[PDB]
Protein chains: 4
Amino acid sequence: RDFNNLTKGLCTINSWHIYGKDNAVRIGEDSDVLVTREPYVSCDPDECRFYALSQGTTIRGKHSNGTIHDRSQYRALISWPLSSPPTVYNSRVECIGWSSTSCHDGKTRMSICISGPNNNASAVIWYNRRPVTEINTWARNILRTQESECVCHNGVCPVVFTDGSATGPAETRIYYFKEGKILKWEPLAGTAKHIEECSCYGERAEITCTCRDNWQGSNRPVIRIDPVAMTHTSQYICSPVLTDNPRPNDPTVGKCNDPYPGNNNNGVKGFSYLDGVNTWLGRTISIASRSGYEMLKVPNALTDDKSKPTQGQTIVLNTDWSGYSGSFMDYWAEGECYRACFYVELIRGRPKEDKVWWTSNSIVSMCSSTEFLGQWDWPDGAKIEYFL
Amino acid sequence: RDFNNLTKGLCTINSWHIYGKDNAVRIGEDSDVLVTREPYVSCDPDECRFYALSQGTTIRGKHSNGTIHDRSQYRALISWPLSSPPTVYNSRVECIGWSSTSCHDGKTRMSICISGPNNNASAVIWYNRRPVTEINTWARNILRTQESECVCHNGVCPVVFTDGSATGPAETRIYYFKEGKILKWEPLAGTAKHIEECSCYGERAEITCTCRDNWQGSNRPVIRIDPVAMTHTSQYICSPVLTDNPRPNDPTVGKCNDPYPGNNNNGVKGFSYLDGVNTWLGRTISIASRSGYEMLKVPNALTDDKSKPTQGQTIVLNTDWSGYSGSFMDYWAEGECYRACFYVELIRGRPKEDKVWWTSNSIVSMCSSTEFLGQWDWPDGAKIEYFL
Amino acid sequence: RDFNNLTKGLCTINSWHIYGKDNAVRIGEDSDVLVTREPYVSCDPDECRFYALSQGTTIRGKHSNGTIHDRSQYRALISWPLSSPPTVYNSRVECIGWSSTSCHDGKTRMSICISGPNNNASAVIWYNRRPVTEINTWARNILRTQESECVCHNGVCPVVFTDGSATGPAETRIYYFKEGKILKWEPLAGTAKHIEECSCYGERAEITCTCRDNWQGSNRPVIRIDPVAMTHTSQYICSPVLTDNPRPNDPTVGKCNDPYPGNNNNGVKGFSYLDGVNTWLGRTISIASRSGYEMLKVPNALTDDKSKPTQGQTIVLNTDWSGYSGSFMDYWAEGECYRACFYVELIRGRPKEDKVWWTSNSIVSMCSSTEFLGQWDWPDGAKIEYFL
Amino acid sequence: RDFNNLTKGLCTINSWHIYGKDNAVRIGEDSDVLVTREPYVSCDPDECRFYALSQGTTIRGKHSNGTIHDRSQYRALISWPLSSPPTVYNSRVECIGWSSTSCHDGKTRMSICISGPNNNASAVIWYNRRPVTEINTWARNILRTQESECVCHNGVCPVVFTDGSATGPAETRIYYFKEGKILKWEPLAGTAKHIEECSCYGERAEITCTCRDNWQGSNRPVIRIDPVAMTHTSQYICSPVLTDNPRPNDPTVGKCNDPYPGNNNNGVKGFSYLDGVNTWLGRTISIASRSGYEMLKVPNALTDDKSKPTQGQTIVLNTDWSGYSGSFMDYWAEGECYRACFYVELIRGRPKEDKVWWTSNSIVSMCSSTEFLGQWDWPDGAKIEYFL
Ligand SMILES: *[C@@H]1O[C@H](CO)[C@@H](O[C@@H]2O[C@H](CO)[C@@H](O[C@@H]3O[C@H](CO[C@H]4O[C@H](CO)[C@@H](O)[C@H](O)[C@@H]4O)[C@@H](O)[C@H](O[C@H]4O[C@H](CO)[C@@H](O)[C@H](O)[C@@H]4O[C@H]4O[C@H](CO)[C@@H](O)[C@H](O)[C@@H]4O[C@H]4O[C@H](CO)[C@@H](O)[C@H](O)[C@@H]4O)[C@@H]3O)[C@H](O)[C@H]2NC(C)=O)[C@H](O)[C@H]1NC(C)=O
Ligand SMILES: *[C@@H]1O[C@H](CO)[C@@H](O[C@@H]2O[C@H](CO)[C@@H](O[C@@H]3O[C@H](CO[C@H]4O[C@H](CO)[C@@H](O)[C@H](O)[C@@H]4O)[C@@H](O)[C@H](O[C@H]4O[C@H](CO)[C@@H](O)[C@H](O)[C@@H]4O[C@H]4O[C@H](CO)[C@@H](O)[C@H](O)[C@@H]4O[C@H]4O[C@H](CO)[C@@H](O)[C@H](O)[C@@H]4O)[C@@H]3O)[C@H](O)[C@H]2NC(C)=O)[C@H](O)[C@H]1NC(C)=O
Ligand SMILES: *[C@@H]1O[C@H](CO)[C@@H](O[C@@H]2O[C@H](CO)[C@@H](O[C@@H]3O[C@H](CO[C@H]4O[C@H](CO)[C@@H](O)[C@H](O)[C@@H]4O)[C@@H](O)[C@H](O[C@H]4O[C@H](CO)[C@@H](O)[C@H](O)[C@@H]4O[C@H]4O[C@H](CO)[C@@H](O)[C@H](O)[C@@H]4O[C@H]4O[C@H](CO)[C@@H](O)[C@H](O)[C@@H]4O)[C@@H]3O)[C@H](O)[C@H]2NC(C)=O)[C@H](O)[C@H]1NC(C)=O
Ligand SMILES: *[C@@H]1O[C@H](CO)[C@@H](O[C@@H]2O[C@H](CO)[C@@H](O[C@@H]3O[C@H](CO[C@H]4O[C@H](CO)[C@@H](O)[C@H](O)[C@@H]4O)[C@@H](O)[C@H](O[C@H]4O[C@H](CO)[C@@H](O)[C@H](O)[C@@H]4O[C@H]4O[C@H](CO)[C@@H](O)[C@H](O)[C@@H]4O[C@H]4O[C@H](CO)[C@@H](O)[C@H](O)[C@@H]4O)[C@@H]3O)[C@H](O)[C@H]2NC(C)=O)[C@H](O)[C@H]1NC(C)=O
Ligand SMILES: *[C@@H]1O[C@H](CO)[C@@H](O[C@@H]2O[C@H](CO)[C@@H](O)[C@H](O)[C@H]2NC(C)=O)[C@H](O)[C@H]1NC(C)=O
Ligand SMILES: *[C@@H]1O[C@H](CO)[C@@H](O[C@@H]2O[C@H](CO)[C@@H](O)[C@H](O)[C@H]2NC(C)=O)[C@H](O)[C@H]1NC(C)=O
Ligand SMILES: CCC(CC)[C@H](NC(C)=O)[C@@H]1[C@H](O)[C@@H](C(=O)O)C[C@H]1NC(=N)N
Ligand SMILES: CCC(CC)[C@H](NC(C)=O)[C@@H]1[C@H](O)[C@@H](C(=O)O)C[C@H]1NC(=N)N
Ligand SMILES: CCC(CC)[C@H](NC(C)=O)[C@@H]1[C@H](O)[C@@H](C(=O)O)C[C@H]1NC(=N)N
Ligand SMILES: CCC(CC)[C@H](NC(C)=O)[C@@H]1[C@H](O)[C@@H](C(=O)O)C[C@H]1NC(=N)N
Ligand SMILES: [Ca+2]
Ligand SMILES: [Ca+2]
Ligand SMILES: [Ca+2]
Ligand SMILES: [Ca+2]
Ligand SMILES: [Ca+2]
């Protein structure tokens, strides 16, 4: 095998079609399904799988109580076959930790898991299913990473990490790995003022990441990385179609180089595909909570500060719970272009549904179509009342 | 690998022998078996598997309530090892949707799943386990397909779809796929007046499909496809041995080019092997409900409007529930001929057994023998009372 | 791969060492373990597995009630990894039926399953996991076979079947298969008067089978097959150490060419290794019931009508339940000789333990050692009281 | 494949990073997890797995009652995927017995299991998943072995066994196996006075084992083996940092060639990495019970009788239960040195937690880092109260 190179551009996105859905919470009501959160999807050259951070207990197990908590010693990055649920018996552990990222470079997979107490966390970088490199916390305040797949080009796989306050200036670093080893790292540059949980994709030798400004911005920061030069830039999506959550109502003009104000110290992982007129943004429908999900076609959203939608697609109704969302692509598919894909985490349980003592999620995932396909909505589908 | 070509004829069918049986409802009474319906069987060059549309819940799970419903967002095409039951832990999801078909072309497998609301459904065509092509609804009324395997010849795999009313004229199309891409499509032609759920098989470079005329006919429509010319014809099985359900009692003369009247707006997926004197038809024993199943040897059933049985075999007693049935063959077996095979869906639960709130099924499947073998009956075997 | 040839002799048996044990009934008390009976062991060139006839229900399932019954439509030959229990999720179905045999010829495996009502049963012969040949009942009275592995030599795999009364003269046939096809068959010849459930092994191009004379004999019939000439002989083990069950007490002189009288119309599957002074016989310890199990070294047991034990080994104490036993060997191991192996079925439930409504078993299996190893006893280990 | 040779030295150990953790007791509260004890980790050239002695029952099963017992007929050596829990459905049985060791030589794996009553136990040596050699008890008093991986060099895999009293002089033998056959064996020599459960690792063609002197010593015996000459030496870790348990408080001077007194007839399996200044010792934090676990850097611990710690790392808090610990390395990783790894058995249930009737454990495992990483503590995490 040779290292994969990002030689293709994105396919034209005219609509989104269903790709995978695991119905984990429904199925888990009466089967040994692990409690998870922070899911994502990632492809190898011969298979695509679902990934997530387990909580080290099943949903019906008594240890599900307290799983709203983010960072215990019982978490791990797990992967499992596309559209099956994450069960005790089919889930493969990639590494131990409570924050992760993973990607295949064309030869083998790199997986990164961070563990430890808030003031002394460390990242372990695995390559070919073996630990290769370790990185200690640099700001002693919850060293953390993407929560979705990284992207590689000619063996170089850039990864974005953050260490420091989630509600003020922090120390974000872009690491450039090759075979699990560090080639280089650099501090965040550009005009993004705070970075969290970047969702990335690659096309024509450039990696684009859409992140979460948890401090002040309701517009999303964007990091663009050149994996050959091992350099990057940062800015915000200029469009007035605001895509973080919670957020204020949409204005008529957005901000390109500063956080769009109105909501502080909160946010949600999200993503976008920024490709001129072929630009689509995801967002929750609600401006106040992680409810609903929609895709909006917003031509030149990255650079046009008055850009508005020209087409859309509802993914999850506003009467259903959503959550994190992120990008991935099958870089090893046939054809001349890369088909944009995304997943949405459908969070169930606490804190929105507090009649149960757990927090878990199911996954729904779509990929783009060049047809203009009809839309449906894709809820988690479980009845909370059954778990009481 | 090379594309498979339909170079052989059917073996002489002198009786049927047991091929597979999963006892899913019995086993599922105390194990994590998924609720399914619309099952089928399909072979790859190195393995044969059971397929079905999951309902995204186990049978003992509380989400089994309401699984008589046909088209939710929680359904998916799943496959699992021959004769094992469809469990949470052994079921592989092929695609998401509530109507499907799947077939191997000798190189890799094509799987098709349709999802969406009644007025805006779409088909996603997967090839080599990746989405390749998408087709939007053309009549905005439950775009739908076979519910059993398709058949390929030199890489061309024809598939029959229907969109429109189930109880009047509809728009049926025959699509010719190759590597998941559309080579051509054509509207139904011939004298069949309504087509649903075709069950197909191939021999000597011709594909024969036996379908369900849900509108007016109790005789079954037959579509014969030339996968090289990419053309087809349609008619009805001429025989007076009527094989849909419900249906009127058998007459002495059938109809070749029009629906045999007596029952409207209802039916059941079924199949036949139409090979001159080597012709065998399946049907429910009851004329009123999906109960029992038998195979009848009816020489020249396709073209002789007075043809009657010359031999038979009971598969399921009339005191046991049956359901959908369809054809498949192992195109990669050894020998000089293709051995005809079929499955019968054994439906349990609603609406016939309404003491339970679910609907599921188990599978029984047979293949032909050149011997004249003794017969047995093969019920689902589960006791409904145990689920109360 | 080439067909395996029986070129080696048996290793010297000086004691028996533990080979596998699944603890199925213990584990199945709280996990999804299938109810089985009539187990055996069989090796492929790269793996050895446990086999048995499932009853199509778990042990804790409500459908376990009534599993003392021998021949339902819900049975199947299943195989699973050595020493794991037969679970819903790890059990591979080989074929459907209530009587079986299976063996690997060095290239691929042949598996045979018989199904049907008592007066109309049929055998389906599978080869390379596909049905190849079918055989109809010839005496219309429970067509049946070995219940343990067959043995192959240069692709020829002889199999012993019986059809007819279990308590009087019956029609026993020896079939010679090659690639699942019938080369030849012949009626039983020699002085054995009734044959059931032969347990076979091969060495130096000769296959030896030890069977169950269910009609009159408490000594076991022996069939010796030449798989090149496709011919056989039959007689009884001459020794006065009687090895069927139930049986009368041991006399001082046995019978070579007639059934040793005392007990009629009953028996148990068993085995022996008949190799001059390297001869070892298995048997239940009790003369009245399937309780205990021991191995006895009885030099020249086949031909010496006064031969008595010169060494022994207890396998299962007389205060523990045993059941069927049979021979198998790993024909693909390293070294210059074939190591004799056997299994013992540890039956639990009915009819001996009727506080439960089911009948199942676990497996224990040993192979010979050239050392004189210490002995232990190997009970099933489950507590019936826990299942109440 | 070629036999692996121990050509590299140990990497510099500056801290320990998380490697694997299965959370088995937490997960097993509501899933079919086997009861185990005496776990370890061992790598093949393409995968690393967890190993343990099953008790042949799940933790929630009624047969979990009485699993404090060490040596039943229902135990077996099982292996399962790294960091998954040992479940009924994912656990592979390697051999049957109640004492084991296992290692890969670069070509295939050797696994050894001992079974039998106290006065008549025997070892069966498996190679390439087949039984090859058997060894009978030589002192008729619980023949027993390492309970952690063995190490191979150019196909020679030395294994340490003990037979005889656990509380006085016993007969310890070092066996040198190659392809499962005995090349040679020799009685223990040197100044170690009693040996149990050696934990071994290899580097630069030398194998170092740290053992448990159950009779008189609270310092640990050390056996150093030359696998080419097939010779060994023995002594004790000289350091005053005592690492068995229970043990007296640390003195200022230890003993090099005799047991450090204070505690008799008790101990716990443990390990060390003895590499000059790159020396790290593991031990329980408590001197009285199997509680807590810490790693201490003790330069020249093997040869310096006043050596004290210069650095440390807490693995398990003293308020959490620990248990056995042992060494393993991935001998097939990339790079120029071997990365030291270890596991800690986290024992739950009896005898410390007697509100439950079972005894089981979970596993935590770490490997060394050349960074100075922050530390966390890694408890089992299960709540005993949930099992009541
Ligand atoms: C069969 O399926 C097909 C295919 O899916 C169906 O056709 C689809 O129908 C969709 C629904 O109508 C449609 O999606 C909409 O597209 C609009 C763009 O098109 C229109 O404008 C362009 C540009 O002028 C024209 O060319 C075009 O012809 C249309 O006129 C979007 O504008 C739509 O999104 C907005 O509305 C929805 C509510 O429906 C909001 O959720 C969404 O966020 C957008 O509105 C908010 O945002 C904008 C931008 O800032 C504001 O201006 C606006 O006030 C809203 O703001 C409030 O709400 C947000 C969200 O809560 C909040 O943050 C903010 O603060 C404010 O409170 C929508 O995306 C598909 O494009 C169309 N597809 C095709 C190919 O046709 C067909 O209907 C189906 N058939 C049947 C029978 O069902
Ligand atoms: C051991 O096993 C062997 C092998 O299986 C057993 O032998 C099998 O025995 C079967 C049962 O007898 C037999 O199957 C029958 O075959 C008949 C054909 O053979 C006869 O006719 C030919 C032609 O003349 C002769 O050559 C031949 O020798 C025989 O005489 C079929 O006609 C049979 O089917 C009809 O009967 C069954 C009821 O038994 C119906 O369910 C079935 O649908 C058929 O009847 C309906 O349909 C016809 C056609 O329209 C009507 O004319 C008729 O009135 C019936 O219609 C009513 O019912 C239907 C269904 O509900 C409804 O739709 C309609 O409106 C009406 O209400 C049957 O198939 C096997 O061929 C035979 N095999 C061999 C190789 O011998 C042996 O018995 C076993 N041994 C033991 C001891 O058990
Ligand atoms: C550590 O482990 C080692 C290795 O396992 C242990 O050593 C083993 O010890 C075993 C038990 O003593 C021993 O097995 C016995 O071997 C006898 C043969 O050896 C003796 O005879 C020869 C020939 O003369 C001598 O060379 C030799 O030195 C000995 O003297 C067998 O004869 C034994 O079997 C008979 O006894 C058992 C009861 O113990 C019966 O269950 C068994 O069926 C045999 O007896 C019945 O059958 C014979 C034959 O017809 C009759 O003559 C007799 O009356 C019995 O019949 C009744 O019972 C049967 C069964 O219910 C019934 O059908 C019938 O109708 C009647 O009612 C036995 O096999 C191993 O050989 C020996 N191994 C070695 C290598 O030494 C050591 O003890 C262990 N250490 C500790 C400390 O435990
Ligand atoms: C972020 O993470 C980093 C990295 O992990 C954290 O930094 C680590 O901090 C650890 C805790 O302080 C530290 O570990 C200690 O290291 C000591 C060695 O360093 C000191 O001495 C050297 C040599 O002079 C200096 O160079 C160095 O600068 C330091 O001064 C060890 O000595 C420590 O172990 C002893 O203490 C612990 C209690 O903390 C005991 O459990 C342990 O067993 C040791 O003490 C017993 O044993 C000795 C030896 O016999 C006795 O002398 C002593 O009295 C104790 O004996 C009693 O207890 C034992 C055990 O119960 C019993 O058997 C006996 O009988 C007696 O009852 C300890 O290992 C790491 O090295 C350090 N790492 C780095 C790289 O810095 C940082 O803190 C984290 N940050 C935050 C904010 O949390
Ligand atoms: C991605 O591009 C790199 C860089 O050009 C390709 O790398 C070359 O691969 C060939 C084939 O193995 C080698 O002969 C060269 O030595 C490689 N290195 C360089 C720098 O040229 C790589 O093959 C490309 N990937 C694919 C899938 O084509
Ligand atoms: C078992 O013996 C048969 C018969 O001698 C061997 O068969 C020959 O195999 C070789 C190798 O494939 C062929 O060239 C011959 O044509 C085969 N047939 C005969 C009749 O000679 C077979 O190889 C032996 N099996 C093994 C494992 O050696
Ligand atoms: C404290 C910093 C937060 C990110 C901005 C926090 N990240 C981590 C590693 O803890 C996330 C946030 O608290 C949770 C959420 O917003 O859903 C998930 C939670 N993420 C994870 N548990 N992996
Ligand atoms: C409305 C059109 C019907 C076919 C003629 C209908 N098909 C679909 C896709 O919904 C089927 C029919 O209602 C059910 C049955 O007859 O058993 C199954 C049902 N089929 C599926 N759920 N896949
Ligand atoms: C009626 C003839 C019997 C053999 C001599 C009978 N065989 C079959 C195929 O039914 C066996 C016997 O009744 C049972 C037993 O003795 O344990 C098992 C039972 N065997 C099986 N259920 N496979
Ligand atoms: C009697 C000798 C003991 C070792 C010094 C004893 N070993 C065996 C094979 O029984 C161990 C000891 O009793 C137990 C413990 O200390 O945890 C485990 C127990 N080990 C095992 N059950 N495998
Ligand atoms: Ca924000
Ligand atoms: Ca109809
Ligand atoms: Ca359960
Ligand atoms: Ca008898
Ligand atoms: Ca000690």
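Just so you know, ligand 1 is whichever comes first in the structure, and atom 1 is the first atom listed for that ligand. Each chain gets a letter, A, B and so on, in the order its sequence line appears, and its residues count up from 1.
Listed by number with element, the atoms of ligand 7 under 4.0 Å from a non-hydrogen atom of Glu196(A) are 5 (C). For ligand 7, the atoms lying closer than 4.0 Å to a non-hydrogen atom of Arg212(A) are 5 (C), 16 (O). Those atoms of ligand 7 that come under 4.0 Å of a heavy atom in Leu53(A), given as number and element, are 23 (N). Within ligand 7, counting atoms from 1 as listed, the ones closer than 4.0 Å to a heavy atom of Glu147(A) are 23 (N). In summary, the atoms of ligand 7 found under 4.0 Å from a heavy atom of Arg75(A), numbered by their order in the structure, are 22 (N). Here is the list of ligand 7 atoms found below 4.0 Å of a heavy atom in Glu197(A): 4 (C), 11 (C). Taking every non-hydrogen atom of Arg290(A) and a distance limit under 4.0 Å, the qualifying atoms of ligand 7 come out as 15 (C), 16 (O), 17 (O).
The contact shell of ligand 5, taken as protein residues with any non-hydrogen atom closer than 4.0 angstrom, comprises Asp2(A), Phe3(A), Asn5(A), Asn154(A).
Considering only residues two or more places apart in sequence or on other chains, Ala76(A) meets the side-chain contact (heavy atoms from CB on, under 4.5 Å) condition with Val93(A), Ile96(A). In terms of the salt bridge (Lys or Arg N to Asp or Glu O under 4.0 Å) criterion, residue partners of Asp244(B) (sequence neighbours excluded) are, by chain and number, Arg220(B).
Ring pair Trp376(D)/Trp98(A) is perpendicular by interplanar angle, where above 60° counts as perpendicular and below 30° as parallel.
Using a cut-off of 4.0 Å between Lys/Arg side-chain N and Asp/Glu carboxylate O, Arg109(A) and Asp44(A) are scored as salt-bridged.
Across the pair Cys152(A) and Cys103(A), the gap between the SG atoms, which is the quantity tested here, reaches or exceeds 2.5 Å.
Of the candidates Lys269(A), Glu345(A), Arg144(A), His194(A), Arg144(A) brings a heavy atom nearest to atom 2 (C) of ligand 7. For atom 14 (C) of ligand 7, the choice among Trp98(A), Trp215(A), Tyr324(A) with the nearest heavy atom turns out to be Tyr324(A).
For atom 20 (N) of ligand 7, the closest non-hydrogen atom of the protein is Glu38(A) OE2, 3.8 Å. If you check which protein heavy atom lies closest to atom 19 (C) of ligand 7, you get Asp70(A) OD1, 3.3 Å.
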| When you look at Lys269(B) and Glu196(B), which way does the salt bridge (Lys or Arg N to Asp or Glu O under 4.0 Å) test go after all the steps? | CA-CA 8 Å; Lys269(B) 176 181 173 63; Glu196(B) 300 291 347; over 6 Å; no
ask   = After noting the C-alpha distance and the side-chain angles of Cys200(A) and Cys209(A), does the key distance pass the disulfide (SG to SG under 2.5 Å) rule?
value = CA-CA 4 Å; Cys200(A) 308; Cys209(A) 302; 2.1 Å; yes
Q. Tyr331(A) and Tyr338(A): ring pair (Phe, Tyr, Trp, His ring centres under 6.0 Å), yes or no, with the steps?
A. CA-CA 6 Å; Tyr331(A) 294 98; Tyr338(A) 294 137; 5.0 Å; yes
Set out, in order, the CA-CA distance, both residues' side-chain angles and the distance that settles salt bridge (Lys or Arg N to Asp or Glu O under 4.0 Å) for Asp250(B) and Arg283(B), then state yes or no. CA-CA 12 Å; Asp250(B) 288 345; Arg283(B) 73 177 173 180; 2.9 Å; yes
- [ ] Dump the intermediate steps for disulfide (SG to SG under 2.5 Å) on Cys211(A) and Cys198(A), then the final yes or no.
- [x] CA-CA 4 Å; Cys211(A) 320; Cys198(A) 296; 2.1 Å; yes
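Under the 4.0 Å distance rule, the nearest protein heavy atom to atom 5 (C) of ligand 7 falls inside the cut-off.
Remark: of the listed residues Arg75(A), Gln55(A), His63(A), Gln55(A) is the sole one forming a side chain to side chain contact (heavy atoms under 4.5 Å, CB included) with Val35(A).
At distances below 3.5 Å, at least one donor-acceptor pair connects side-chain atoms of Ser322(B) with backbone N or O atoms of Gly292(B).
Both tests do not hold together for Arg290(B) against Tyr324(B): distance to the six-membered ring centre under 6.0 Å, angle to the ring axis within 45°.
At a 4.0 Å heavy-atom cut-off, ligand 7 touches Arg71(A) through the side chain alone.
For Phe161(A) and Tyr175(A), the ring centers are positioned less than 6.0 Å apart.
For the Ca ion (ligand 12), protein N/O/S neighbours under 3.0 Å (waters excluded) are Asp213(B) O, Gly217(B) O, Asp244(B) OD2, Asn266(B) O.
The shortest side-chain heavy-atom distance between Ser100(A) and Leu53(A) falls under the 4.5 Å cut-off.
Residue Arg37(A) places at least one N or O, backbone or side chain, under 3.5 Å from an N or O of ligand 7.
At most 12 non-hydrogen atoms from other residues, nucleotides or ligands lie less than 6.0 angstrom from NZ of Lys352(A).
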